Amino acid sequence: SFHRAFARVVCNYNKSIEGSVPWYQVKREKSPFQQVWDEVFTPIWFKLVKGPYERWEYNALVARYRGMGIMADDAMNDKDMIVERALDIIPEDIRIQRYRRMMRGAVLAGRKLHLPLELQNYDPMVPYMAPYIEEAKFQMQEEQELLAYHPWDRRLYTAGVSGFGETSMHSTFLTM
Amino acid sequence: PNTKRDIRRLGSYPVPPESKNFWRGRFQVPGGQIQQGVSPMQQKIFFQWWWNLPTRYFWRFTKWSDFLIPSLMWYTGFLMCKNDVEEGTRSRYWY
Amino acid sequence: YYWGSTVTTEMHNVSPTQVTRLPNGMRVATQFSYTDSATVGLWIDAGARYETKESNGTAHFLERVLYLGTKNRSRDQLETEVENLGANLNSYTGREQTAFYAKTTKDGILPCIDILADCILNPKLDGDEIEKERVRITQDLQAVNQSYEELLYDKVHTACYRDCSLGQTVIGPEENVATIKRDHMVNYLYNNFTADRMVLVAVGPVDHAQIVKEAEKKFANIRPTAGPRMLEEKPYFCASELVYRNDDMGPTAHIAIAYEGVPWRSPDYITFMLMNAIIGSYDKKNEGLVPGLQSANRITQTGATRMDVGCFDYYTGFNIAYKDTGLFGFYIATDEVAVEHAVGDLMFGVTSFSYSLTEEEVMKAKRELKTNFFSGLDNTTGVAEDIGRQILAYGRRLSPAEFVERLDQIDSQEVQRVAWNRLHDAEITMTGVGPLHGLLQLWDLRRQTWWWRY
Amino acid sequence: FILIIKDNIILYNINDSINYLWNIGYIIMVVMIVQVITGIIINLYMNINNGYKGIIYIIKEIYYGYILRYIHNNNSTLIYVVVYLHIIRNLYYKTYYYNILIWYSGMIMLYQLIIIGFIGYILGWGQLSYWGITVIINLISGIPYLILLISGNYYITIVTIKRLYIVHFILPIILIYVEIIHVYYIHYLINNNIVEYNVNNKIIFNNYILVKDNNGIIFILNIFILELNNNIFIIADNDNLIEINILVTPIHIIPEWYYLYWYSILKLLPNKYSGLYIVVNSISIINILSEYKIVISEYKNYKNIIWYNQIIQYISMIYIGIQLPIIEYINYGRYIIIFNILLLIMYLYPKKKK
Amino acid sequence: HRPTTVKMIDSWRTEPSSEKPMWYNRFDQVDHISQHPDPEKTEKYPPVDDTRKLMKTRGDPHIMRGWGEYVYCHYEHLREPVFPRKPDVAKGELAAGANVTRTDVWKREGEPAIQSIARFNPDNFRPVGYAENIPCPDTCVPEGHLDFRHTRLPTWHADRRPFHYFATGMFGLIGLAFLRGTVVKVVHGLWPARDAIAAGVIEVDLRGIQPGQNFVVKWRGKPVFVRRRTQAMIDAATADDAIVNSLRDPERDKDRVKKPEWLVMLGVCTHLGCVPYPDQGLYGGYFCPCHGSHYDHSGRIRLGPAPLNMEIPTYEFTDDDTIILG
Ligand SMILES: CCCCCCCCCCCCCCCCCC(=O)OC[C@H](COP(=O)([O-])OCC(O)COP(=O)([O-])OC[C@@H](COC(=O)CCCCCCCCCCCCCCCCC)OC(=O)CCCCCCCCCCCCCCCCC)OC(=O)CCCCCCCCCCCCCCCCC
Ligand SMILES: CCCCCCCCCCCCCCCCCC(=O)OC[C@H](COP(=O)([O-])OCC(O)COP(=O)([O-])OC[C@@H](COC(=O)CCCCCCCCCCCCCCCCC)OC(=O)CCCCCCCCCCCCCCCCC)OC(=O)CCCCCCCCCCCCCCCCC
Ligand SMILES: CCCCCCCCCCCCCCCCCC(=O)OC[C@H](COP(=O)([O-])OCC(O)COP(=O)([O-])OC[C@@H](COC(=O)CCCCCCCCCCCCCCCCC)OC(=O)CCCCCCCCCCCCCCCCC)OC(=O)CCCCCCCCCCCCCCCCC
Ligand SMILES: CCCCCCCCCCCCCCCCCC(=O)OC[C@H](COP(=O)([O-])OCC(O)COP(=O)([O-])OC[C@@H](COC(=O)CCCCCCCCCCCCCCCCC)OC(=O)CCCCCCCCCCCCCCCCC)OC(=O)CCCCCCCCCCCCCCCCC
Ligand SMILES: CCCCCCCCCCCCCCCCCC(=O)OC[C@H](COP(=O)([O-])OCC(O)COP(=O)([O-])OC[C@@H](COC(=O)CCCCCCCCCCCCCCCCC)OC(=O)CCCCCCCCCCCCCCCCC)OC(=O)CCCCCCCCCCCCCCCCC
Ligand SMILES: COC1=C(OC)C(=O)C(C/C=C(\C)CC/C=C(\C)CC/C=C(\C)CC/C=C(\C)CC/C=C(\C)CC/C=C(\C)CC/C=C(\C)CCC=C(C)C)=C(C)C1=O
Ligand code: HEM
Ligand code: HEM
């Protein structure tokens, strides 16, 4: 049987790379060719194209946030699961101000108005969600590894759920 | 659905969305009952047709004999009309 | 796939079980243990199966009356003597095996052999004792006085084994219980309690030679043998339903579904033990460290998610083995409205053994099977049950090392082969009590033993 | 919608005691699908400017086009046979007594089917087709300027065919939608049983009822294939293979067999409008058969004498339609109409107490 | 409840149940429901052996009158009057509903009213003979009827699974064959029809043509020039066969004609589709007058706006004096 031979090859290979250091954790020296490219192309490209374009986009983004009176981390959409899991655990004082800022922004945007300049002198790029995003990613990675390492077989279209993995009832068209 | 008393459920587990109709036909069995059966894979699957054959047809025919008199009267009407039609045609046309 | 040997040096460090056959044919088995307490008993090959339809229930009646006095002693004297030794006489009777053992201190090992021999060989089956026990047995026989687990256990045998004596219940029908008399019991003792069918098991601070010398002295006058049992065909497994639909007993429904299993000595028995461990057991009221929603057991995990409530208030697998047949299945206790999901999920789980069983689930199950088995051998009575049951079932006691050696060979592929041969597209029996509107017909449930996918 | 399918096919419960007469509805649903499919395919080749030459072209030039032509014609006969038998079935067991909403949903499909079948017959574009629609349309000549708007000319022409074709193409699709309202009410308002009362013996549909329903539909297919390929029963009048002549009438002007009952009613009554109204009466009067009853009973499982006389009355009226307009037939037909009225009054009237 | 209706009305012709009961109006009254006899423990009537010996029934066949379909029943929906007829419980008539509440039948002489009204609870009335007539089934399968205990196969039987799956497999086997035949046949109808396939093949009878003559055959909607070529015409194209690569579309006459004497080409100018006229131009070949394209005796473009050579259709020679286009 060829599947048995293939299974042994996979087992032996994976056993031979256990404990390997990830590529990013290796101390890597650039090749003599990438160093030349960085010496010539990268400086000129930054001065003439990348630097000005990205400053132009960044400064516009800061202005847009300041006009709405929101922070950058407010702009995250909770349809993303990491954001939703992080928002479950944020403390109440952070939550209250986040909601108020987001509500004011939508009112301003909907009515085509901008925040008064008196209230615009703040840094919008303060990363207040970072501790909770990292905790949420850790929780999700543990669940991924210890509980979702195989494609599981379940009885199909039973109890309001397709049986293909989703956990909410009536959350697909074929489960109406 | 059945009566409200019949479909009143004892358990608090919610009715699955795919069994709505199944649980609207629930019955409240009074006094209990013992149900027994055997898988068709361990039974004769055609003998019951033969065993029940004569009684099935006897009771079918005795019930259908109730329509004997009505059918004869309608048939008697069918014959009179058919031969009343022939005589009329001949009288009006034949010489 | 083979992942190595799990046998350890500690598994080999256990005192040997010495089994010798006395001239009369009685086997004497002993294991020494560094304990201050011992267990000595007689595990006899007898039970309801070997009773005839008219006499069914005699064995159970005899077991209850055996300790109620002997020809030499009296009930008060016997009970007083055992108490003075600080011991307690126990006994049980099953479909195929019976036991009469005593838990005692070290000094009471040999005295207890005498008491147990006197009870077994010279029972004084006084009429007054019989009549009082008739009242107690009659009350026990009532279904209202039985648990629903006990009822289903008997009804599974009644439904599965309609053609043979394994279908008979141990307690017996009420008609027989009403008519049993001393003569019935005297005949059963003479025919069934013979040396060739008895094993004297002693576990504790015991010496094999001394136990053997006492056994030969006290069981000298036992009947050496009885005629060989009738030769019979393989018990026929009847795929049937026996469901007691009662909507006046509350919300919980009890269901048991059975497949044909394997005999004790089958090469596949250990595979069926492992499959029983993979099915596992779950209780909403004792979930354990891991919640159902995050369980490694696939049946448990999918069940806990159903309708955001869970479709299993309780379930357990069962693997019952007899000399020439066995039963393998699961028992469920669940809400009335959950029965269709529960039976469907536990049948989908058994069908999965034939198609998609992961190495991870097998390896977890091997460890929890070993933990259950080894922990059962902790006390002397646990060891004694193991020695006696095994010698009757196999003629020898399998060592912990041998059990692990054979279990090492079993893998996901072996489980798949055995399940494909025996459980896939197989016939099933369903039994039930309680509100069972949700339970479908046997044929509908029998179609869940195979998959359209794969 | 896989959980809706599972709730109405897989875990749908029905009584075990039903007969094969409960399989008729399933047969209607399946043959209806076939009629829609074969119609769509036939229109890939059909010529609406001359229906007479289109049929010839399909039968001779298209590969296996004869199968499409004969299936569509013969399956229409089967649709009416099965539907009428379903109506007779419902009348016999008086399923309308409590499941009136099911009866109402069904009658709508009956009304639509009548229009569908008639216009389709016209699309053949033969002698009977032209003269049949000419006669029927004159019934509404009383309403001013209504005939001109419907026909699109002063006589039936291809202009009329073009517009009737659109109704024939679309109305059957609406009929399929009404079949969903019919099945919705059947599944909510549980079906009747051969016994009057409601009993606890239901089994799931997919594993038991569907197997039995397939056995019935395969048995009907063995009969339909014999008719389809060999024409063991004359179910299409031959006069529709004659080219249309607007100046000469055919020997007789009659519809398909399944319209004969209504055709005779008109031919019998002297006044044209009275004939139309009696046609209206027969279909509408059976919608209120149980409405005036006052007793706790569904009149079920008696000797059903009135029922049997009514079924034979339909058969005899169908027989009179085939015959020429002989005076003697007219007299007897009128007696049958009077007799039918008395039977319906027996159904409607509640009983007094001795 | 779902939309529902009852005929609880005041009829103009039919009396209410209180006025005229339709049931046998003889009931036995107790003081407490426990005083009723137990049907299960009550002896029934002695069994008969002939259907003609069965007992008589208490029902009145003619309980109802007037026009309408025959029916026997005991109950109706009609409304009662606020002052209903007083029932004769002394004789056994049933007292339940309005005839109890809106009457004084319940009143005894010296009994406390609470005790008197307690007796007229509906549970205290049972029809005379209830315990001796009502059936008390012990099973749904009477003795003598077939059941699983009679149809079970012998224990030495053979497996019935293999044949069962053969039967259900055969249903699928035949069904799939009918399905494939239906699908293929329907798709087949879209192939060009018998009239069209027939018209798409024209046979050229090269018999009667003269060297140098050009004739036109309408083939699949297009003009197909079929010209017999004189030796001069053939030699002319052969001469240009050497100057190939000096032509807009280099092609050799050998690769455009199957037989040198016969040139079959589609007569459609490659510029804008106009049909060229033969024996015209500078090469005596085919000149399209629309915009001035000149083709040679092999049909190759030699001058004008046209970009390519006139196409050679698919055609074979059936014999020496017949071609088949297509
Ligand atoms: C770069 C580094 C170096 C590279 C080196 C590469 C090394 C590989 C190459 C060398 C391979 C050697 C293989 C040795 C084979 C050994 C054979 C042998 O001894 O048998 C033991 C061997 C295994 O026995 P076993 O130990 O019991 O194990 C059972 C399992 O099969 C065991 O299998 P499994 O469990 O492992 O499962 C996998 C299974 C199954 O694996 C798969 O099938 C893979 C499926 C993957 C998905 C594929 C999707 C489709 C993709 C199509 C792509 C097309 C692209 C086209 C591009 C065009 C433009 C460029 O694989 C096999 O069955 C093995 C196949 C062996 C070779 C024979 C078949 C090859 C394919 C032939 C196709 C011919 C097409 C012709 C077309 C003509 C057109 C006009 O026997 C077989 O099972 C082999 C046969 C398998 C069936 C093949 C088809 C047979 C057809 C019979 C027709 C009969 C007609 C009768 C008519 C009667 C009329 C009356
Ligand atoms: C020159 C000649 C050349 C010739 C060349 C010939 C070549 C032949 C090619 C043949 C086809 C090869 C296709 C390969 C695709 C590979 C994709 C891949 O990498 O997948 C990894 C990917 C895993 O992704 P992941 O991110 O790691 O985890 C996924 C989950 O997020 C989380 O994953 P999880 O594992 O945690 O979740 C658990 C659950 C996860 O479950 C799923 O992921 C299922 C997802 C939903 C599936 C259902 C979708 C709804 C229905 C769509 C169709 C609607 C209309 C159908 C009817 C129309 C009638 C008019 O897993 C299971 O349940 C395991 C068992 C699954 C099998 C159950 C069997 C019963 C159900 C039958 C349906 C499924 C069959 C297997 C898939 C077939 C793929 C083709 O798995 C899938 O893609 C799952 C299957 C979904 C696609 C189904 C498509 C069905 C066919 C539709 C028609 C297609 C026509 C277009 C052309 C077809 C030809 C190419
Ligand atoms: C170089 C050459 C290149 C060639 C290019 C072409 C390549 C060939 C292949 C192209 C087609 C690819 C098909 C992909 C299949 C994917 C299957 C899948 O995963 O589905 C679930 C998946 C959902 O993912 P999920 O949420 O992860 O799944 C988990 C849930 O369980 C999922 O469950 P869920 O419920 O959430 O989602 C299910 C979803 C799945 O459905 C879809 O999303 C649509 C999938 C099918 C697409 C349509 C296929 C059409 C092609 C076949 C027809 C060709 C005819 C040709 C004839 C020629 C004749 C001459 O929705 C449905 O199932 C809707 C079903 C509605 C049915 C309604 C039917 C009517 C009512 C009932 C019957 C009538 C009443 C009764 C009457 C009775 C009378 C009496 O679907 C999608 O997300 C994808 C949808 C498709 C997107 C577009 C795909 C583009 C493909 C790339 C190539 C495009 C090239 C350009 C084409 C230009 C054309 C003009
Ligand atoms: C120049 C000519 C000009 C002509 C101008 C004509 C203008 C006419 C204007 C008419 C306006 C529209 C009227 C519509 C009324 C709608 C009422 C309604 O829906 O009420 C529901 C309403 C619902 O009440 P509920 O409380 O829910 O239920 C009541 C319970 O069921 C139980 O209730 P209960 O127990 O209290 O009983 C009450 C009792 C109360 O009953 C009565 O008072 C009604 C009595 C009606 C007697 C009619 C006898 C006609 C005899 C003609 C004899 C001709 C002799 C010629 C002699 C020639 C000598 C040379 O009802 C019954 O006993 C049962 C009633 C059954 C009704 C069946 C309905 C069938 C209608 C269709 C019949 C015809 C179709 C077939 C034939 C067509 C072709 C010919 O029903 C009632 O309250 C009962 C009303 C029943 C009315 C029936 C009226 C029938 C009239 C037939 C006329 C025939 C004329 C023939 C002339 C021949 C000349 C030669
Ligand atoms: C919703 C309601 C329902 C709606 C429904 C729809 C309604 C719509 C409206 C209606 C529309 C109008 C139309 C209605 C039509 C209705 C009527 C209709 O459909 O009629 C159709 C049709 C009417 O007849 P017909 O269509 O005129 O007949 C056509 C012909 O009969 C047969 O056809 P044919 O002649 O055209 O074709 C014949 C041909 C057809 O030929 C084929 O198809 C065969 C060829 C298939 C080849 C497959 C190859 C697959 C593998 C490819 C390679 C894969 C490589 C992959 C590698 C992967 C690697 C990674 O087959 C043969 O010639 C047979 C021999 C085949 C030999 C094959 C040998 C294979 C050799 C392979 C060698 C390979 C080696 C390679 C090695 C090297 C490799 C490198 O109906 C029937 O005939 C009914 C038949 C029913 C079944 C009858 C059988 C009953 C059996 C009873 C058994 C029980 C009794 C047991 C007795 C036991 C005694 C003890
Ligand atoms: C002369 O010989 C004779 C015959 O043979 C010729 C006979 O057949 C007969 C009997 C014949 C019959 C009983 C039937 C005759 C049938 C005829 C004349 C059909 C004529 C054509 C029509 C009525 C087509 C017009 C179609 C309709 C009005 C639709 C019919 C269906 C209806 C009304 C049911 C519910 C309504 C619908 C389904 C319409 C839906 C509407 C929409 C979807 C519109 C939506 C619009 C918007 C803006 C959203 C007799 C008596 C006879 O004498
Ligand atoms: C219950 C549905 C239908 C029935 C009762 C029915 C009935 C019929 C009748 C009786 C014929 C004429 C038979 C003959 O030529 O003598 C006909 C013709 C035709 N029908 Fe239908 N039809 C239905 C549905 C449809 C549908 C859905 C379509 C198109 C999508 C369609 C398209 C046609 C066409 C094109 C013709 C002309 C072919 C002919 O001469 O038979 N029909 N129809
Ligand atoms: C397009 C035509 C129709 C189709 C598709 C159809 C289909 C169905 C089906 C599937 C059933 C359920 C199963 C059955 O009882 O056989 C049924 C039930 C029923 N139908 Fe129809 N039907 C049609 C026409 C009609 C008509 C014209 C009437 C009334 C005159 C009618 C009245 C009923 C009734 C009363 C029932 C209830 C059956 C019962 O209670 O047992 N149907 N039909």
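Counting starts at 1 for both ligands and their atoms, following the listed order. A, B, ... follow the sequence lines: proteins, then strands. Residue 1 opens every chain. Values reported hereafter were calculated over all heavy atoms of this structure, with side chains retained and with hydrogens, waters and symmetry mates removed.
In this structure the side chain of D/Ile286 never reaches within 4.5 angstrom of the side chain of D/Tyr347, judged on heavy atoms.
Aromatic ring centroids of D/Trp22 and D/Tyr93 lie under 6.0 Å apart. Checked against the 6.0 Å centroid criterion, the rings of D/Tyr80 and D/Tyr84 qualify as a close aromatic pair.
Residue E/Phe171 places its CZ atom among 12 or fewer non-hydrogen atoms of other residues, nucleotides or ligands, all under 6.0 Å distant. Within a 6.0 Å radius of OH in D/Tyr70, other residues, nucleotides and ligands contribute 12 heavy atoms or fewer. Taking a 6.0 Å sphere around CG of D/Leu44, one finds it holds more than 12 heavy atoms contributed by other residues, nucleotides or ligands. Other residues, nucleotides and ligands place no more than 12 heavy atoms under 6.0 Å from the CZ atom of A/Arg4. Heavy atoms from other residues, nucleotides or ligands lying under 6.0 Å from OH of A/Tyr13 number 12 at most.
In this structure a side-chain-to-backbone donor-acceptor pair under 3.5 Å is present from C/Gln413 to C/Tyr1. B/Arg24 places no side-chain N or O within 3.5 Å of a backbone atom of B/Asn2 that could act as its donor or acceptor partner. A distance-only check finds no donor-acceptor pair linking the side chain of E/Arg180 to the backbone of E/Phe178 [under 3.5 Å].
Of the N or O atoms in D/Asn192, one or more lie within a sub-3.5 Å distance of an N or O in ligand 8. When only interatomic distances are considered, the shortest N/O to N/O separation between D/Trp22 and ligand 8 falls below 3.5 Å. Looking at E/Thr182 next to ligand 5, an N or O pair under 3.5 Å apart turns up. Residue E/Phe178 has at least one nitrogen or oxygen atom sitting less than 3.5 Å from a nitrogen or oxygen atom of ligand 5, judged on distance alone. Checked against a 3.5 angstrom limit, the closest N/O atoms of D/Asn23 and ligand 8 fall outside it.
Applying the 4.0 Å criterion to heavy atoms of D/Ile67 picks out, from ligand 5, the atoms 12 (C), 13 (C), 14 (C). Which parts of ligand 8 touch D/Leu110 is read off a 4.0 Å heavy-atom cut-off, strictly below it: atoms 27 (C). Here is the list of ligand 8 atoms found below 4.0 Å of a heavy atom in D/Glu179: 1 (C), 5 (C). Listed by number with element, the atoms of ligand 5 under 4.0 Å from a non-hydrogen atom of D/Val30 are 2 (C). Atom numbering of ligand 8 starts at 1 in the shown order; those under 4.0 Å from a heavy atom of D/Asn99 are 40 (O). Those atoms of ligand 5 that come under 4.0 Å of a heavy atom in E/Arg180, given as number and element, are 33 (O), 36 (O). Interface atoms of ligand 5 facing D/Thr38, defined by a heavy-atom separation under 4.0 Å, are 9 (C), 10 (C). Annotation for ligand 5: atoms under 4.0 Å from non-hydrogen atoms of E/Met170 are 91 (C), 92 (C), 93 (C).
With hydrogens left out, the protein atom closest to atom 30 (C) of ligand 8 is D/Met107 SD, 3.3 Å, a heavy atom. Looking at atom 1 (C) of ligand 8, its nearest protein heavy atom turns out to be D/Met32 CE, 3.4 Å. Of the protein's non-hydrogen atoms, D/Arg89 NH2, 3.6 Å is the one closest to atom 38 (C) of ligand 8. In terms of protein heavy-atom proximity, atom 35 (C) of ligand 8 is nearest to D/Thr95 OG1, 3.0 Å.
For atom 21 (Fe) of ligand 8, the tally of protein N/O/S atoms lying closer than 2.8 Å stands at 2.
Pairs passing the salt bridge (charged side-chain N to carboxylate O under 4.0 Å, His left out) check and including a residue from residues 293-305 of chain D, sequence neighbours excluded, read B/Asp66-D/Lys303. Each salt bridge (charged side-chain N to carboxylate O under 4.0 Å, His left out) pair with one or both residues in residues 75-96 of chain D, not counting sequence neighbours, appears once here: D/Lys94-E/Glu69.
Within the model, atoms CG of C/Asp425 and CH2 of C/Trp420 stand 8.5 Å from one another, a figure rounded to the nearest 0.5 Å.
Ligand 8 has no atom lying under 4.0 Å from any heavy atom of D/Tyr96.
Looking at D/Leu175 against ligand 8, only its side chain comes within 4.0 Å, counting heavy atoms.
If you run side chain to side chain donor-acceptor pair (under 3.5 Å) between D/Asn15 and each of D/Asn201, D/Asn192, D/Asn198, only D/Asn201 comes through. Exactly one of D/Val34, D/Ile33, D/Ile40 qualifies for a side chain to side chain contact (heavy atoms under 4.5 Å, CB included) with D/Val36. That residue is D/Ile40.
Nearest heavy atoms, D/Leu276 versus D/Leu266: N-CD2, 3.5 Å. Across D/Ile181 and D/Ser105, no two heavy atoms sit closer than the pair CG2-OG, 3.8 Å.
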Show the distances, to 0.1 Å, for all pairs joining an N/O atom of ligand 1 and a protein N/O atom that are shorter than 3.5 Å, listing one pair per line.
from	atom 1	to	atom 2	distance (Å)
ligand 1	26 (O)	A/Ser1	N	3.2
ligand 1	35 (O)	A/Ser1	OG	3.4
ligand 1	36 (O)	A/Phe2	N	3.1
ligand 1	36 (O)	A/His3	N	2.7

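D/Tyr26 and D/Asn214 are linked by a side-chain donor-acceptor pair at a separation below 3.5 angstrom, with hydrogens and angles left out of the test.
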